[PDB]
Amino acid sequence: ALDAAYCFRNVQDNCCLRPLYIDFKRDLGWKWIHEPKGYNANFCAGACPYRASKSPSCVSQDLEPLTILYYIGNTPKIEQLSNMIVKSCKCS
């Protein structure tokens, strides 16, 4: 599929997955997560087949969770945050 393997090896104009790093504090305004401080979210961008109208767009398809560590009070919690990482892209 249009995933990191297929996209990061052959960087081209077509709709494909792109690297992107998100810092929780600067980018999301999030203070509540202890670790990590950010993550490789990726994003989808590129050309899709053209049409006179209603041309498809390069959008995310598959998403994946991110393991996080945060505290409630003094208690640590390890959690899967769902749908944080873009794993592949499609033309929609």
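The numbering of chain A matches Swiss-Prot: 303-352, 373-414, in order.
How was it done? The header gives X-ray crystallography, 1.8 Å.
The backbone N, Cα and C atoms fix where each Cβ goes, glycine too.
Between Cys309 and the candidates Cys317, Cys318, Swiss-Prot records a disulfide bond only with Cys318. The disulfide entry in Swiss-Prot for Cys350 points, among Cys411, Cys413, to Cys413.
Distance between Cα atoms for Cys411 (disulfide bond) and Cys350 (disulfide bond): 11 Å, as a whole number.
In the structure as shown, the Cβ atom of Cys380 (disulfide bond) sits within 10 Å of 20 other Cβ atoms. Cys309 (disulfide bond) carries a helical DSSP state (H, G or I). Within 10 Å of the C-beta of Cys350 (disulfide bond) there are 16 other C-beta atoms, taking all protein chains into account. Secondary structure at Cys413 (disulfide bond), taken from DSSP and collapsed to helix, strand or coil, is strand.
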